Protein chains: 10
Amino acid sequence: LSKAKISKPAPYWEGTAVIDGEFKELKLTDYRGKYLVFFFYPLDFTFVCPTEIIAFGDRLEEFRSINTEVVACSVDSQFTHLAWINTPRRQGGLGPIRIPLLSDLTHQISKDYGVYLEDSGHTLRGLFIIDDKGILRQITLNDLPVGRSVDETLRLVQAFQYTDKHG
Amino acid sequence: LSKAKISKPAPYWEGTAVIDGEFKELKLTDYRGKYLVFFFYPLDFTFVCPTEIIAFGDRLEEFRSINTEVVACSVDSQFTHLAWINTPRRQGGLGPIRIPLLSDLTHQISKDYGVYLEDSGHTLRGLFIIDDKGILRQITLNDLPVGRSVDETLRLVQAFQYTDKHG
Amino acid sequence: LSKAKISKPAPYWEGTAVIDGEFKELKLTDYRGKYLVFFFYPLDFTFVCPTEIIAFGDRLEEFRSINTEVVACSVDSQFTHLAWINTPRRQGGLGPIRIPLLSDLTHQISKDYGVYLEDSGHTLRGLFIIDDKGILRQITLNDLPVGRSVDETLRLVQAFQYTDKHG
Amino acid sequence: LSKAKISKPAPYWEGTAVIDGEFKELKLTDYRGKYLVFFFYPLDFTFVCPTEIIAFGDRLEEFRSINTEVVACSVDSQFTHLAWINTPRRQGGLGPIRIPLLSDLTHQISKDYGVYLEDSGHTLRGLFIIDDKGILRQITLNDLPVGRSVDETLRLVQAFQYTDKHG
Amino acid sequence: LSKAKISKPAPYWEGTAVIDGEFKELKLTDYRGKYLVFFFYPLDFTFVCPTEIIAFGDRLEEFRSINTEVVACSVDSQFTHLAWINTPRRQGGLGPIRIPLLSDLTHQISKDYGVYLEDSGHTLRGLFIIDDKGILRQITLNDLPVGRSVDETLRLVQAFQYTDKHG
Amino acid sequence: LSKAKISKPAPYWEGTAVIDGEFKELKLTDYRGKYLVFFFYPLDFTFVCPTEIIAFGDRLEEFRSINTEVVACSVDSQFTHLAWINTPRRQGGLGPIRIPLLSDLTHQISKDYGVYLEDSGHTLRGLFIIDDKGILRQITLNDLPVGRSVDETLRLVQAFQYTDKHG
Amino acid sequence: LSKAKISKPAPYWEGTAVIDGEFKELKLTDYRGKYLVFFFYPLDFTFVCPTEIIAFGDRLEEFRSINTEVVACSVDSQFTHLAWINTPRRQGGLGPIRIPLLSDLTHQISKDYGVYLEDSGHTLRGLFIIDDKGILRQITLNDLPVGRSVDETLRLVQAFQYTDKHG
Amino acid sequence: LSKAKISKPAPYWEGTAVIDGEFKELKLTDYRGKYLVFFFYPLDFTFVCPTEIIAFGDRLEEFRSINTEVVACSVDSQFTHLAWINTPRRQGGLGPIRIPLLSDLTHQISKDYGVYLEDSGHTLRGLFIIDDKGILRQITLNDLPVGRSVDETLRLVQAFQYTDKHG
Amino acid sequence: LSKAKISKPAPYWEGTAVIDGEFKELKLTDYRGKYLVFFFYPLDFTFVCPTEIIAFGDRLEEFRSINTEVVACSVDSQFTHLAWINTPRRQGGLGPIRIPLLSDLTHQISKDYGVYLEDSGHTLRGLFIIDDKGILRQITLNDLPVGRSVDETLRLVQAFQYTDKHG
Amino acid sequence: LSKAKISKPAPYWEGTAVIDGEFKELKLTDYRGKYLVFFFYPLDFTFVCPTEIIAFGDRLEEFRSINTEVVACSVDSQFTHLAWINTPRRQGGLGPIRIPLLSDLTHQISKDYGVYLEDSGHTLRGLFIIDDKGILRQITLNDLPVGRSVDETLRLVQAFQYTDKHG
């Protein structure tokens with residue numbers, strides 16, 4: 001059963017992420033004081049260019065300049081994430097990336113967030129906006145075929161921040 | 001608990017809607033053969049301009065030109081919906097509108113779509129994209145202070161229709 | 001199930017009421033030391049003139065001069081109550097009113113009083129007489145098509161007060 | 001628990017009544033095709049004048065002329081009812097009466113109608129209005145010290161009949 | 001279910017009795033230190049002469065002279081008991097009587113003693129002999145058509161007292 | 001629990017009885033068409049003369065001449081009943097007897113009649129009057145020290161027969 | 001169900017026994033410090049000579065000379081046991097006997113030792129050897145037609161006592 | 001739970017036995033038409049001479065000449081039984097033997113017969129006499145230290161056979 | 001909980017494998033008529049040389065020449081397996097391989113074989129030998145730091161085939 | 001159900017073993033501080049040469065020189081193990097042996113290790129490698145016809161010790 005509810009604390013997670021090419025333990029609470037865009041994608045190493053992850057990474061400062069961080073997550077192992085990062089974009093790899101890739105190998109994070117697909121063994125395309133107090137503000141769930149927009153994500157983050165300030 | 005699951009038939013609903021200023025019985029199955037943008041908003045007659053509903057109403061041909069209908073819903077009675085429509089926009093009303101306003105007075109529809117707020121008695125801001133075969137493709141849930149984008153909604157419908165065709 | 005039982009404390013309620021054009025928190029316990037006539041009606045903004053609510057409001061001093069207050073309640077939001085108050089009587093509205101209009105948006109009050117209609121999402125016409133000690137003395141439940149009498153209500157209040165004094 | 005619910009069939013009853021000084025088997029269904037005013041009172045042979053039963057008997061033709069019957073019930077035996085009737089009014093009795101007095105000796109009718117007082121062994125003052133199709137239309141429950149009004153009962157019956165015919 | 005068991009404490013009872021034409025609170029425990037003959041009969045005001053109650057009243061001194069009291073009970077109200085007593089014997093009444101008449105209006109005493117007839121709402125003819133320590137010594141249950149004997153009751157009470165003293 | 005209920009079929013029993021010095025199978029149904037006095041006593045061979053059983057046997061024609069039979073029962077074996085019968089009265093035995101002595105060695109009959117004492121392993125003194133149709137009409141339960149009266153038993157049988165005829 | 005298990009304390013029992021023609025309270029714990037042969041037989045006063053009980057009685061010194069007591073038990077009352085003892089052997093009695101005859105009138109002892117016959121109401125032929133520390137050492141159960149041997153019982157006691165000493 | 005009850009069919013068993021030095025499947029039903037002495041002993045290959053098994057085997061014709069067979073059983077495997085039979089008596093072995101040695105390796109037979117010792121993993125010394133119709137007639141359970149007598153077993157078999165014939 | 005039991009059908013599995021650089025559906029029953037060595041390893045793309053997989057790949061003809069196939073499985077996706085195969089050995093890839101790599105992305109195969117590590121989200125090193133009838137013959141489970149031996153695997157397979165043919 | 005789990009404490013066992021021709025109590029924790037190879041085999045005294053046990057016995061110094069002990073276990077009693085050891089190899093015995101033979105007569109050790117065959121009453125061929133801290137490192141289960149390899153067992157032990165020391 002999903003733990004993710006709007007206006008309640010975002011469900012706690014921890015696990016191993018690849019950050020600047022290294023394995024680091026990462027925890028939701030590491031982001032307190034900041035907004036967090038926390039998003040899931042199905043699988044590393046598929047035959048489709050990972051356009052949506054590349055967009056977030058390549059535009060990361062439009063988030064960081066407004067006190068917002070981004071973390072991407074799939075059910076792949078941290079070893080697979082690293083191998084994918086070390087595969088050049090021109091071979092369909094991710095290439096070097098400035099966003100943590102969190103591993104959800106046990107599937108517990110995906111199940112807690114309601115994005116796990118039992119019959120397939122990976123997630124759908126789920127995106128969560130979590131405020132600086134750790135409260136879940138937004139849930140976006142897409143069927144597999146359709147990606148997320150950085151511009152829409154920024155719009156939502158900027159609006160939650162505006163409304164936090166001018167209540 | 002919520003019955004809305006991506007890739008499954010969207011939860012059936014029926015109720016009274018205000019359409020072109022008249023009460024009409026409306027059913028989810030009335031939309032079979034078309035895409036449907038089905039969204040919830042909290043309450044009629046609040047002190048905030050209904051910008052988002054006005055936007056979908058002004059830009060409705062952009063959906064209809066791609067075989068897509070739009071339905072809005074709140075927990076308000078059909079009588080309240082009709083009064084809000086009949087209240088001019090400059091007096092805090094909605095004014096004439098081209099999108100059906102569905103009443104979920106029993107709260108069953110809101111509960112089935114996972115958008116009902118037990119402590120408040122109305123919905124959060126939830127939007128669902130349902131395809132022409134009645135299958136749920138997309139779920140967007142926003143905390144109360146933040147509205148929806150017609151552009152983003154349009155991009156998602158177009159992308160689902162594209163991937164349906166060339167999938 | 002209904003908690004309203006003759007000779008027991010009337011079930012506690014609290015919510016937002018419209019009182020002289022403003023939102024106020026109102027509680028049952030605010031009425032200790034006075035008799036209270038507490039009545040439900042189905043919906044704001046219907047096509048029938050609200051004759052029964054108008055009568056209680058317009059004859060309110062016949063209650064106040066015998067240490068009795070009146071509170072009307074429906075499942076409509078406080079925003080809808082306010083819009084209805086601000087709709088002139090000769091356009092079908094309530095117009096200005098002296099009696100509080102309590103919102104039961106969550107349906108919990110209506111359920112506690114055994115007046116909620118599950119299939120419709122609103123109440124029947126229920127009226128309750130509560131004494132100055134908070135004890136329920138009288139229950140009147142009418143099917144939808146038939147309203148209440150101010151004169152019968154006064155007879156009942158006067159009889160309970162008389163028997164309280166000379167029992 | 002009470003089976004009496006507005007808009008549902010009134011709970012079936014049968015038992016022995018005193019009608020014109022004779023024991024008769026009486027059933028709720030005997031009244032199909034007519035409105036019925038069915039009321040309970042606590043006990044025979046108390047030291048209070050039975051004003052309300054006398055008023056209903058005195059004014060019975062105002063009910064029969066609008067296709068309505070009246071039945072009174074208490075938990076007393078039929079033998080008690082008959083003795084009370086046979087006791088002159090000045091001597092603490094009811095005297096002759098044209099309203100059936102139904103015995104609820106088993107207490108089952110009083111429990112089904114939600115008027116039984118478990119700590120006392122008799123009912124409070126409950127009155128019920130049942131239509132010609134056997135559907136419950138109105139529930140009135142009074143704490144012991146306050147009686148019912150023939151005029152109010154007539155107003156209710158006339159309104160239900162008018163709305164049945166004219167909507 | 002019945003709580004009356006030979007050699008166990010007789011089930012506790014309390015209620016309102018008519019004693020010498022007055023309402024009095026009566027308790028089983030009021031009789032500690034004496035034997036008690038406690039009997040039930042079905043109903044007041046039937047068309048049968050109440051021969052057995054009259055016989056017990058007529059011969060009461062044969063009990064009091066051996067430290068024994070007698071109490072009669074039916075499901076009728078205390079108000080019924082008083083009216084029956086106040087109705088002359090030739091006129092269908094009991095007339096004046098020196099035995100308390102206990103009301104079991106709630107039916108709880110009759111159920112505890114196993115004498116209640118659920119389909120009728122009154123008791124069969126049960127008689128119980130309770131010693132000075134409050135211990136049940138004897139149960140006599142008769143189907144409705146056959147009464148009790150004062151002589152047999154005296155024989156039983158005298159035998160219990162003789163065996164209590166002489167073994 | 002006891003199956004013996006006034007106005008219902010007396011509980012079925014069968015067992016081995018001593019009848020005129022011989023073991024015979026005896027069943028309740030053997031007595032259809034006659035009234036039956038069926039009574040239990042605690043134990044054979046105690047130090048008290050069996051006066052009550054002797055009285056019923058010695059006065060048996062006062063029952064037989066009014067179409068009534070008598071059966072005595074205890075928990076003793078049929079072998080013990082026979083030895084007791086073969087013990088002269090002036091040595092404390094029963095001597096020859098005309099009434100069957102039923103054995104309830106398993107305790108099932110005693111339990112069915114609600115006369116079994118769990119702590120002692122025998123019955124109290126219980127007596128039952130059963131009509132010619134097999135219906136239980138009367139129950140008499142005495143604590144151990146006090147016996148039954150042939151004369152009271154005849155009065156009861158005669159009363160039930162009289163009311164059966166002229167009810 | 002049976003509580004008798006080899007190597008565990010023999011199930012506790014107590015009851016009234018006939019010892020030297022007098023009633024005595026007897027308990028299993030009275031035998032602590034001695035071996036005990038505890039055996040059951042079906043019924044007193046049958047038409048079979050009580051050969052086996054007579055044998056244990058005639059040869060009782062052979063047990064007492066090796067610190068061993070013998071107790072016999074049936075479901076018969078102590079009163080029946082005493083009568084059977086007082087009946088001369090030539091008239092189908094037991095005659096004077098040196099072994100206590102324990103009564104198991106409630107059947108609890110038989111049930112605890114696993115020897116009770118539910119369909120018959122008495123025991124089969126069961127024999128138990130209990131050591132001086134109260135532990136059950138041997139269980140012998142015989143269908144009704146076959147008796148026990150004193151010699152065999154003696155061999156078992158002697159063998160248990162031998163192995164106790166040189167174990 | 002033990003299935004072995006006197007007067008009921010002996011619990012069914014089957015398994016591998018050593019018979020004349022060979023493995024044979026053996027079943028309780030193989031013995032229909034004959035009495036069977038069926039006995040358990042703890043373990044093969046202990047340091048005590050198997051005197052009691054040797055006695056049964058060496059005196060086997062005192063059983064077979066009266067239509068009676070003997071089977072011995074332990075929890076040892078059939079391989080261990082065979083190895084034991086092939087160990088000479090002068091080395092504490094069984095030597096050649098004419099009685100089947102049944103293996104109860106799974107423990108199901110021992111548990112069905114109530115002879116299994118959970119803490120030890122083998123049986124106690126249990127012996128069962130089963131008649132020619134397969135009915136259990138006798139149960140003998142000995143604590144470990146004490147053996148069975150062939151002479152007692154013959155006495156019991158001869159008595160069941162005598163009583164089967166002269167009922 | 002594990003379904004894998006020696007001498008029972010090996011648990012059914014199906015999924016996507018990489019075979020000669022392509023995705024192919026594969027199921028357990030594809031191997032009916034052949035022996036199957038089915039083994040799990042923790043993870044692709046780790047920092048330890050995949051020596052054991054390379055060893056089975058290199059020596060695959062020693063299996064095929066004795067009617068035996070080999071399948072390897074981890075929890076990694078098929079896409080990851082393909083990427084790992086397409087990574088040269090000199091960069092910590094597997095390189096070209098002749099053994100199918102099965103994906104257990106859902107973890108259901110691993111759980112069914114009892115090799116899944118709930119705290120880690122991958123398997124330990126389990127190896128299973130399944131015969132040509134689909135029956136499980138051998139289970140080998142190694143803690144993570146220790147690998148499997150092709151020589152020991154071949155010994156086992158040959159011994160099962162030898163014992164299948166020669167009893 | 002099996003308690004044996006890789007990386008968890010090996011299930012505790014205790015019982016009687018034969019060590020150098022004598023009975024000794026043995027428990028798992030006697031081996032703390034050493035590696036233990038713990039293995040089960042089906043049965044003593046079967047017709048197949050005990051080659052694998054002889055092999056571990058013969059090569060025991062290869063284990064002891066790497067701080068490792070070896071214990072073999074079957075369901076046979078200790079007495080049977082001793083008899084099997086005392087039977088010369090040339091007659092299908094084990095002969096002298098340096099490995100403890102543990103008895104699992106109760107079958108509880110076998111069940112705890114998941115090696116027990118309920119239909120047969122003995123184990124399959126299971127082998128367990130337990131480290132010096134008592135943690136289970138390896139499980140090998142073979143169907144009955146195939147034995148274990150000392151060489152593979154030594155490879156595993158050495159690899160666990162190597163990986164324990166060098167990470």
# chains A, B, ... in the order shown; residues from 1 in each chain; ligands from 1
call {"tool": "residues_around", "arguments": {"residues": "residue A:43", "least_positions_apart": "5", "cutoff": "12 Å", "atoms": "only C-alpha atoms", "output": "CSV table (one decimal) with N, CA, C and O atoms, in the first residue's frame"}}
result
chain,number,residue,atom,x,y,z
A,48,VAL,N,15.6,3.6,-25.8
A,48,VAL,CA,15.1,4.9,-25.9
A,48,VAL,C,16.1,5.9,-25.3
A,48,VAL,O,16.6,5.6,-24.2
A,49,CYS,N,16.4,7.0,-25.9
A,49,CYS,CA,17.3,8.0,-25.3
A,49,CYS,C,16.7,8.5,-24.0
A,49,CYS,O,15.5,8.7,-23.9
A,50,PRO,N,17.5,8.6,-22.9
A,50,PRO,CA,16.9,9.0,-21.6
A,50,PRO,C,16.7,10.5,-21.5
A,50,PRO,O,17.2,11.2,-20.6
A,53,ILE,N,15.7,12.4,-18.1
A,53,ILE,CA,16.7,12.5,-17.1
A,53,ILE,C,17.8,13.5,-17.5
A,53,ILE,O,18.2,14.3,-16.7
A,72,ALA,N,16.8,11.2,-9.0
A,72,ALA,CA,16.1,10.3,-9.9
A,72,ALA,C,16.3,8.9,-9.3
A,72,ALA,O,17.3,8.6,-8.6
A,73,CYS,N,15.3,8.0,-9.4
A,73,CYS,CA,15.3,6.7,-8.9
A,73,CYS,C,14.8,5.6,-9.8
A,73,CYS,O,13.8,5.9,-10.5
A,74,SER,N,15.4,4.5,-10.0
A,74,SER,CA,14.8,3.3,-10.5
A,74,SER,C,15.1,2.1,-9.7
A,74,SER,O,15.9,2.1,-8.8
A,75,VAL,N,14.5,1.0,-10.0
A,75,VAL,CA,14.8,-0.3,-9.4
A,75,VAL,C,16.1,-1.0,-9.7
A,75,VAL,O,16.5,-2.0,-9.1
A,76,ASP,N,16.8,-0.4,-10.6
A,76,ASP,CA,18.2,-0.9,-10.9
A,76,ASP,C,19.1,-0.8,-9.8
A,76,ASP,O,19.0,0.1,-8.9
A,77,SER,N,20.1,-1.6,-9.7
A,77,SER,CA,21.2,-1.6,-8.7
A,77,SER,C,22.1,-0.4,-8.9
A,77,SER,O,22.1,0.2,-10.0
A,80,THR,N,24.5,-1.0,-11.8
A,80,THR,CA,23.9,-0.7,-13.1
A,80,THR,C,23.8,0.8,-13.4
A,80,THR,O,24.2,1.2,-14.5
A,81,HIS,N,23.4,1.6,-12.4
A,81,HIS,CA,23.4,3.0,-12.5
A,81,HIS,C,24.8,3.6,-12.9
A,81,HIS,O,24.9,4.4,-13.8
A,84,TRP,N,25.7,2.6,-16.5
A,84,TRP,CA,24.9,3.5,-17.4
A,84,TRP,C,25.4,4.9,-17.5
A,84,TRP,O,25.5,5.5,-18.6
A,93,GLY,N,23.7,6.0,-23.6
A,93,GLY,CA,23.9,6.0,-22.2
A,93,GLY,C,23.5,7.2,-21.6
A,93,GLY,O,23.0,8.2,-22.2
A,94,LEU,N,23.6,7.4,-20.2
A,94,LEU,CA,23.2,8.6,-19.6
A,94,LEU,C,24.4,9.6,-19.8
A,94,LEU,O,24.1,10.8,-19.8
A,101,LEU,N,21.6,9.3,-8.8
A,101,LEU,CA,20.7,8.1,-9.2
A,101,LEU,C,20.7,7.2,-8.1
A,101,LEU,O,21.6,6.5,-7.7
A,103,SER,N,19.3,3.8,-6.1
A,103,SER,CA,18.9,2.5,-6.4
A,103,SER,C,17.8,2.1,-5.5
A,103,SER,O,17.9,2.1,-4.3
A,104,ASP,N,16.7,1.5,-6.1
A,104,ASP,CA,15.7,0.9,-5.3
A,104,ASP,C,15.5,-0.6,-5.6
A,104,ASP,O,14.4,-1.2,-5.8
A,105,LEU,N,16.7,-1.3,-5.4
A,105,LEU,CA,16.8,-2.8,-5.7
A,105,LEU,C,15.8,-3.6,-4.9
A,105,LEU,O,15.3,-4.6,-5.4
A,120,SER,N,5.5,-6.2,-13.8
A,120,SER,CA,6.7,-5.9,-14.6
A,120,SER,C,8.0,-5.8,-13.8
A,120,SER,O,9.1,-6.0,-14.3
A,121,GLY,N,7.9,-5.5,-12.5
A,121,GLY,CA,9.1,-5.5,-11.7
A,121,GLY,C,9.9,-4.2,-11.8
A,121,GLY,O,11.0,-4.1,-11.3
A,122,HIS,N,9.2,-3.1,-12.3
A,122,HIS,CA,9.9,-1.8,-12.3
A,122,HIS,C,8.8,-0.8,-12.0
A,122,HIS,O,7.6,-1.1,-11.8
A,123,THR,N,9.1,0.5,-12.0
A,123,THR,CA,8.2,1.5,-11.7
A,123,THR,C,7.6,2.1,-13.0
A,123,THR,O,8.1,1.9,-14.1
A,124,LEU,N,6.5,2.8,-12.9
A,124,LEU,CA,6.0,3.7,-13.9
A,124,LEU,C,6.7,5.1,-13.8
A,124,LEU,O,7.7,5.1,-13.1
A,125,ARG,N,6.3,6.1,-14.4
A,125,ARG,CA,6.9,7.4,-14.4
A,125,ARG,C,6.2,8.3,-13.4
A,125,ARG,O,5.2,8.9,-13.7
A,144,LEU,N,3.7,4.5,-18.8
A,144,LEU,CA,5.1,4.3,-19.4
A,144,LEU,C,5.4,5.2,-20.6
A,144,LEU,O,6.5,5.7,-20.7
I,76,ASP,N,18.6,-8.7,-12.3
I,76,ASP,CA,18.8,-7.6,-13.2
I,76,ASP,C,17.8,-7.7,-14.3
I,76,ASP,O,17.4,-8.8,-14.7
I,77,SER,N,17.5,-6.6,-14.9
I,77,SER,CA,16.7,-6.6,-16.1
I,77,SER,C,17.4,-7.2,-17.3
I,77,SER,O,18.6,-7.3,-17.3
I,78,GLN,N,16.6,-7.5,-18.3
I,78,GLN,CA,17.1,-8.1,-19.5
I,78,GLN,C,18.0,-7.1,-20.2
I,78,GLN,O,19.0,-7.5,-20.9
I,79,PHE,N,17.7,-5.8,-20.1
I,79,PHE,CA,18.4,-4.7,-20.7
I,79,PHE,C,19.8,-4.6,-20.1
I,79,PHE,O,20.8,-4.4,-20.8
I,80,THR,N,19.9,-4.7,-18.8
I,80,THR,CA,21.1,-4.7,-18.1
I,80,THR,C,22.0,-6.0,-18.5
I,80,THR,O,23.2,-5.9,-18.7
I,105,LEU,N,13.5,-9.8,-12.8
I,105,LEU,CA,13.2,-8.5,-12.3
I,105,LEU,C,12.1,-8.3,-11.3
I,105,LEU,O,12.1,-7.5,-10.4
call {"tool": "select_by_dssp", "arguments": {"residues": "stretch 13-165 of chain A", "states": "strand (DSSP E)", "output": "PyMOL selection string"}}
result
chain A and resi 14-19+22-27+35-40+68-74+101-103+116-117+122-123+125-130+136-142
call {"tool": "residues_around", "arguments": {"residues": "residue G:1", "least_positions_apart": "2", "cutoff": "12 Å", "atoms": "only C-alpha atoms", "output": "list in words"}}
result
residues 3, 4, 5, 11, 108, 109, 110, 111, 112, 113, 114, 115, 116, 117 and 118 of chain G; 1 and 2 of chain H
call {"tool": "atom_distance", "arguments": {"atom1": "atom CA of residue H:154", "atom2": "atom CA of residue H:60"}}
result
10.5 Å
call {"tool": "residues_around", "arguments": {"residues": "stretch 132-135 of chain C", "least_positions_apart": "4", "cutoff": "10 Å", "atoms": "only C-alpha atoms", "output": "number ranges by chain"}}
result
C: 4-12, 28-29, 31-36, 67-68, 161
call {"tool": "select_by_dssp", "arguments": {"residues": "stretch 4-158 of chain D", "states": "alpha helix (DSSP H)", "output": "PyMOL selection string"}}
result
chain D and resi 51-58+60-64+78-85+108-112+150-158
call {"tool": "write_last_selection", "arguments": {"atoms": "N, CA and C atoms", "output": "compact mmCIF listing (two decimals), in the first residue's frame"}}
result
# COMPACT_ATOMS: atom_id res chain seq x y z
N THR D 51 -55.32 13.89 27.94
CA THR D 51 -55.80 14.93 27.03
C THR D 51 -55.53 14.66 25.57
N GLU D 52 -54.32 14.20 25.23
CA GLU D 52 -53.99 14.02 23.80
C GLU D 52 -54.77 12.91 23.11
N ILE D 53 -55.02 11.80 23.79
CA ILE D 53 -55.81 10.72 23.20
C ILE D 53 -57.27 11.15 23.02
N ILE D 54 -57.79 11.83 24.03
CA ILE D 54 -59.15 12.37 23.95
C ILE D 54 -59.27 13.36 22.76
N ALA D 55 -58.25 14.21 22.58
CA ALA D 55 -58.30 15.20 21.48
C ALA D 55 -58.33 14.49 20.14
N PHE D 56 -57.48 13.48 19.94
CA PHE D 56 -57.50 12.74 18.70
C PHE D 56 -58.85 12.06 18.47
N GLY D 57 -59.41 11.43 19.50
CA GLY D 57 -60.74 10.79 19.40
C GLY D 57 -61.83 11.79 19.09
N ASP D 58 -61.84 12.91 19.82
CA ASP D 58 -62.83 13.96 19.61
C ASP D 58 -62.80 14.46 18.17
N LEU D 60 -61.52 12.93 15.38
CA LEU D 60 -61.25 11.85 14.43
C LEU D 60 -61.83 12.08 13.05
N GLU D 61 -63.02 12.68 12.98
CA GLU D 61 -63.66 12.90 11.69
C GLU D 61 -62.85 13.87 10.81
N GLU D 62 -62.03 14.74 11.42
CA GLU D 62 -61.15 15.62 10.62
C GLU D 62 -60.04 14.82 9.88
N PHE D 63 -59.68 13.66 10.44
CA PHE D 63 -58.78 12.68 9.77
C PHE D 63 -59.52 11.80 8.73
N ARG D 64 -60.65 11.22 9.12
CA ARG D 64 -61.36 10.32 8.20
C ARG D 64 -61.86 11.05 7.00
N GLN D 78 -54.00 -5.68 26.29
CA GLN D 78 -55.34 -5.39 25.81
C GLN D 78 -56.37 -5.36 26.96
N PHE D 79 -56.14 -6.17 28.02
CA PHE D 79 -57.05 -6.24 29.15
C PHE D 79 -56.99 -4.95 29.96
N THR D 80 -55.79 -4.41 30.12
CA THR D 80 -55.62 -3.09 30.68
C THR D 80 -56.28 -1.98 29.87
N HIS D 81 -56.06 -1.99 28.56
CA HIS D 81 -56.70 -1.03 27.66
C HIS D 81 -58.22 -1.03 27.85
N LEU D 82 -58.81 -2.23 27.92
CA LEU D 82 -60.25 -2.36 28.02
C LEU D 82 -60.75 -1.84 29.36
N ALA D 83 -60.04 -2.18 30.45
CA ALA D 83 -60.39 -1.69 31.75
C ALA D 83 -60.27 -0.17 31.83
N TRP D 84 -59.25 0.41 31.22
CA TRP D 84 -59.06 1.86 31.21
C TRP D 84 -60.21 2.58 30.49
N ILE D 85 -60.57 2.03 29.31
CA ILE D 85 -61.71 2.48 28.53
C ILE D 85 -63.01 2.40 29.33
N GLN D 108 -42.13 -5.55 21.25
CA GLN D 108 -41.47 -5.64 19.98
C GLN D 108 -41.83 -4.47 19.05
N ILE D 109 -43.06 -3.99 19.10
CA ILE D 109 -43.48 -2.89 18.19
C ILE D 109 -42.73 -1.59 18.59
N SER D 110 -42.70 -1.31 19.88
CA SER D 110 -42.01 -0.15 20.43
C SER D 110 -40.50 -0.17 20.12
N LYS D 111 -39.88 -1.33 20.24
CA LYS D 111 -38.48 -1.45 19.83
C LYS D 111 -38.28 -1.21 18.32
N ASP D 112 -39.13 -1.80 17.48
CA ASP D 112 -39.03 -1.62 16.03
C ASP D 112 -39.20 -0.15 15.61
N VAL D 150 -53.02 17.94 17.62
CA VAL D 150 -53.86 17.44 16.53
C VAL D 150 -53.72 18.34 15.31
N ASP D 151 -53.70 19.66 15.52
CA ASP D 151 -53.56 20.64 14.44
C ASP D 151 -52.27 20.44 13.67
N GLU D 152 -51.16 20.26 14.39
CA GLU D 152 -49.88 20.01 13.69
C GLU D 152 -49.93 18.71 12.91
N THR D 153 -50.56 17.68 13.47
CA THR D 153 -50.63 16.36 12.80
C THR D 153 -51.45 16.45 11.50
N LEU D 154 -52.56 17.17 11.56
CA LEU D 154 -53.39 17.45 10.39
C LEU D 154 -52.63 18.25 9.31
N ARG D 155 -51.87 19.27 9.71
CA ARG D 155 -51.06 20.08 8.78
C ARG D 155 -50.07 19.16 8.05
N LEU D 156 -49.44 18.27 8.79
CA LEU D 156 -48.46 17.34 8.18
C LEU D 156 -49.14 16.39 7.19
N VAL D 157 -50.26 15.80 7.60
CA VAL D 157 -50.94 14.83 6.77
C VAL D 157 -51.44 15.52 5.47
N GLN D 158 -52.07 16.68 5.61
CA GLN D 158 -52.53 17.46 4.45
C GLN D 158 -51.38 17.85 3.50
call {"tool": "closest_atom_pairs", "arguments": {"of": "chain B", "to": "chain A", "cutoff": "8 Å", "atoms": "only C-alpha atoms", "output": "tab-separated table"}}
result
residue	atom	partner	partner_atom	distance
B:6	CA	A:143	CA	6.3
B:7	CA	A:143	CA	7.0
B:137	CA	A:143	CA	5.4
B:138	CA	A:142	CA	4.8
B:139	CA	A:141	CA	5.1
B:140	CA	A:140	CA	4.6
B:141	CA	A:139	CA	5.1
B:142	CA	A:138	CA	4.8
B:143	CA	A:137	CA	5.4
B:145	CA	A:163	CA	6.6
B:146	CA	A:159	CA	6.3
B:152	CA	A:152	CA	6.8
B:156	CA	A:146	CA	7.2
B:159	CA	A:146	CA	6.2
B:160	CA	A:146	CA	6.5
B:163	CA	A:145	CA	6.4
